């Protein structure tokens, strides 16, 4: 009869495209040095993630929720936005993140943060968009960040922030951790319109 309130539809549509990203180094036989998340943006195997997640890695590994694991190639990065692009080569079709180029994020929109915090396995948290940028000078030093109260922890960087429909809203960045009060529910994401742009460029140029 009756069904529980749920955001499972958005999960089923978007989670398959969000991947766990492992940065591995020399060690001296390789080991995990940095951990993060990433989003499969296209059928060809292009994945977005944060630049600080893959910096100075000797081997980047990408693990999908279906169980596939691939070695990924660094296609290029951008420090100004801390975005990086990876490339993987799969035989079977790759799941992609739903993108509605014409959807406009609104303050108060329900959102789900998808990533791999503390390497516990893919995790989905829920919140809303708290702000869609600032006009004046603020402590973040930026003007186009999306702010959300969906729990973000280390390991979430490079992951997806989607809406109740499963559409990409942005890429989560590092979390706001200290002041030294302990901030609660204050996270940031690079707006998706800006992530697509930076990607197309990096793919063909950078």
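So that the term is clear: the rigid core is the largest set of C-alpha atoms that superpose within 1.5 Å between two forms. Positions refer to the first chain, counted from 1.
Student: So if we fit everything on the core, which stretch drifts more in 5 other deposited structures of this protein, 150-158 or 41-49, C-alphas only?
Tutor: Clearly, after the core fit, the stretch farther away in 5 other deposited structures of this protein is 150-158.
Student: Does the comparison with other entries of this protein show residue 87 left unmodelled in at least a third of them?
Tutor: Modelled in all the others, so no.
Student: Among the other entries that model both neighbours of residue 178, does it go unmodelled in a third or more?
Tutor: Residue 178: unmodelled in at least a third of the other compared entries.
Student: Between residue 28 and residue 29, count the deposited residues left without coordinates and pick a bin: none, 1 to 3, 4 to 9, 10 or more.
Tutor: In the deposited sequence, 4 to 9 residues between these two have no coordinates.
Student: With reference to the PDB entry, specify whether the mean Cα temperature factor is higher for 194-202 or for 16-24.
Tutor: 194-202 has the higher mean C-alpha B-factor.
Student: Pick between 34-42 and 147-155: the one whose mean CA B-factor in the entry is higher.
Tutor: Averaging CA B-factors over each stretch, the winner is 34-42.
Student: According to the deposited entry, which of 139, 180, 67, 166 has the largest Cα B-factor?
Tutor: Highest CA B-factor of the listed options: 180.
Student: Name the residue from 171, 54, 162, 61 with the greatest C-alpha temperature factor listed in the entry.
Tutor: Spelled out: the listed residue with the top C-alpha B-factor is 54.
Student: Against its chain's modelled residues, does residue 133's Cα B factor rank lowest, middle or highest third?
Tutor: CA B-factor rank for residue 133: middle third.
Student: Classify residue 108 as lowest, middle or highest third according to the C-alpha B-factor given in the PDB entry, relative to its own chain.
Tutor: Its C-alpha B-factor, which the entry lists for residue 108, ranks in the lowest third among residues of this chain.
Student: Sort the modelled residues of this chain by their C-alpha B factor and say whether residue 125 lands in the lowest, middle or highest third.
Tutor: Within its chain, residue 125 is a lowest-third residue by C-alpha B-factor, going by the deposited values.
Student: By its CA B factor, does residue 114 count among the lowest, middle or highest third of the modelled residues in the chain?
Tutor: For residue 114, whose C-alpha B-factor we compare with every modelled residue in the chain, the answer is the lowest third.
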